[PDB]
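This report concerns only the one structure given below.
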Amino acid sequence: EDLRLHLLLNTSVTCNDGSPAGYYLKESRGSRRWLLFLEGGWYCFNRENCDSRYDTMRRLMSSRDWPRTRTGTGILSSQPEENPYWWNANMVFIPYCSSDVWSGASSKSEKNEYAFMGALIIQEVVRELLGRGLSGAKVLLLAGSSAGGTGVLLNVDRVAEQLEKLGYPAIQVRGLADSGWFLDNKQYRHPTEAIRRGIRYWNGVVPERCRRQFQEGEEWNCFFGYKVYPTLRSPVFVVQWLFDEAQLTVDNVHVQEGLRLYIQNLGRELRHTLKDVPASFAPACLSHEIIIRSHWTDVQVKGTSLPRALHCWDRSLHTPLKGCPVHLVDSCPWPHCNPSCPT
Ligand SMILES: O=c1[nH]nc2ccc(Sc3ccc(Cl)c(Cl)c3)nn12
């Protein structure tokens with residue numbers, strides 16, 4: 001239980017119910033690497049939907065019951081055996097308590113039952129960390145899984161801009177988006193409406209260049225990785241299972257020819273969206289498993305693990321590298337055609 005909770009000193013930056021947001025921190029003095037990880041957990045998009053989430057998913061909406069510590073696992077582990085990539089980094093876990101895919105900038109008020117402050121939570125965590133050693137960082141890697149992976153795409157450039165404006169131009173801000181790269185595709189049997197409604201409910205914010213492309217009312221487009229990614233300036237590494245379980249759930253896939261063709265086309269479409277993403281890791285697996293898994297080291301694409309690919313990405317950011325690839329997308333067309341897929 002090695003990351004310690006800090007509730008935000010600015011108590012106006014709040015979780016959904018007005019309780020303070022916060023972050024869990026394990027410092028590694030001497031390391032100039034900082035990993036800020038955004039937790040996932042879907043979202044809620046209206047009063048009634050959020051009320052239900054408050055009853056049975058309250059930790060995603062409130063800090064009142066948070067534990068004082070959390071153990072870092074996977075990419076947040078400090079043990080080299082568990083985390084070959086960044087075991088010596090300063091570790092930050094930012095709990096998801098805003099239910100807004102990290103996009104919100106609205107307070108609880110006379111007219112708002114809930115606060116949706118995800119974008120402000122990230123900014124305030126960054127600001128408070130600067131006084132705790134982040135001012136000396138060389139790399140700030142903003143990582144996240146699921147809704148937190150989409151949150152990386154929505155926020156990485158805003159963090160880069162925030163640090164520049166605060167006077168820290170030497171800190172290199174980068175993103176790692178895990179399991180947050182979705183397709184606005186046709187369902188197999190019959191989400192974009194929910195995001196469209198959520199955005200209005202949350203006063204949700206999207207990256208400026210993407211906003212300017214899609215214009216008013218169409219900001220939901222920027223929640224889809226393949227549309228927002230090309231607009232981003234910060235280096236972003238994309239991790240995405242080709243057959244992500246949450247993608248299949250929203251596609252209402254739970255094998256006959258029609259479903260076989262559907263699943264094969266989904267993998268082909270996902271692979272196509274990653275062709276021009278030079279730092280990516282996309283195994284041909286059906287999984288919801290994420291990079292804070294203790295066994296995240298086990299999967300390989302073309303013989304290269306994700307910790308290796310991330311290390312090669314670090315080297316690339318110091319012309320492709322001999323034996324150290326960064327673009328790793330499976331080409332085989334069916335779940336678990338990669339033998340290293342999670343069981
Ligand atoms: O936290 C988890 N686990 N699985 C999922 C799936 C989607 C989401 S939020 C989201 C993100 C992007 C898009 Cl384009 C849309 Cl429509 C919704 N969060 N999430």
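These values consider heavy atoms only, across backbone and side chains, with no hydrogens, waters or symmetry-generated copies. Position 1 is the first residue of the sequence, and the numbers go up from there.
- For the side chain to side chain donor-acceptor pair (under 3.5 Å) test, no residue two or more places apart in sequence or in another chain qualifies with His336.
- Taking hydrophobic clusters as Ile, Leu, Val, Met, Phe, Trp and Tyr residues chained together by side-chain heavy-atom distances below 4.5 Å, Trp102 shares a cluster with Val236.
- In this structure the side chain of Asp314 reaches within 4.5 angstrom of the side chain of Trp86, judged on heavy atoms.
- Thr11 pairs by the side chain to side chain contact (heavy atoms under 4.5 Å, CB included) definition with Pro20, not counting sequence neighbours.
- Partners of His311 according to the ring-ring contact (aromatic ring centres under 6.0 Å, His included) rule, which considers only residues two or more places apart in sequence or in another chain, do not exist here.
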* To do: Could you walk me through whether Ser28 and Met91 pass side chain to side chain contact (heavy atoms under 4.5 Å, CB included), step by step?
  => CA-CA 8 Å; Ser28 185; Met91 292 322 184; over 6 Å; no
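- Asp178 and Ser145 share a donor-acceptor pair across their side chains, judged by distance under 3.5 Å alone.
- Side chains of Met61 and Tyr114 form a contact here, defined as non-hydrogen atoms less than 4.5 Å apart.
- In terms of heavy atoms, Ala143 sits closest to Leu35 at CB-CD1, 3.7 Å.
- For the pair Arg174/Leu317, a side-chain contact is recorded, criterion being any heavy-atom separation below 4.5 Å from C-beta on.
- Taking the side chain to side chain contact (heavy atoms under 4.5 Å, CB included) definition, one finds that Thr14 meets it with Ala115, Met117, sequence neighbours left out.
- Residues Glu128 and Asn10 have side chains that never bring a donor and an acceptor to within less than 3.5 angstrom of each other.
- Between the side chains of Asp251 and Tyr262, at least one donor N or O sits under 3.5 Å from an acceptor N or O.
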* Determine, step by step, whether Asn338 and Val301 satisfy the side chain to side chain contact (heavy atoms under 4.5 Å, CB included) criterion, reporting the C-alpha distance in whole Å, the side-chain angles of both residues, the deciding distance to 0.1 Å, and the verdict. => CA-CA 8 Å; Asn338 183 326; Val301 172; 4.1 Å; yes
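- When side chains are defined from C-beta on, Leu183 counts as touching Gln247, because their heavy atoms get closer than 4.5 Å.
- With sequence neighbours excluded, the residues satisfying ring-ring contact (aromatic ring centres under 6.0 Å, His included) with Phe37 are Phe93.
- With rounding to the nearest 0.5 angstrom, the OG atom of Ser294 is 13.0 Å from the CD1 atom of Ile75.
- With rounding to the nearest 0.5 Å, the separation of CZ in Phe45 from OH in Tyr43 is 6.5 Å.
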* For salt bridge (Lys or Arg N to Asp or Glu O under 4.0 Å), just list the numbers for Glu219 and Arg211, CA-CA rounded to whole Å, side-chain angles, deciding distance to a tenth of an Å, and then say yes or no. => CA-CA 6 Å; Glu219 304 95 335; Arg211 185 177 54 80; over 6 Å; no
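- The closest donor-acceptor contact from the side chain of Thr249 to the backbone of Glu245 lies under 3.5 Å.
- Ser234 and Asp157 are linked by a side-chain donor-acceptor pair at a separation below 3.5 angstrom, with hydrogens and angles left out of the test.
- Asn221 and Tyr226 form no side-chain donor-acceptor contact under 3.5 Å, judged by distance and modelled atom types alone.
- Take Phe237 and apply the ring-ring contact (aromatic ring centres under 6.0 Å, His included) test, not counting sequence neighbours, and it matches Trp313.
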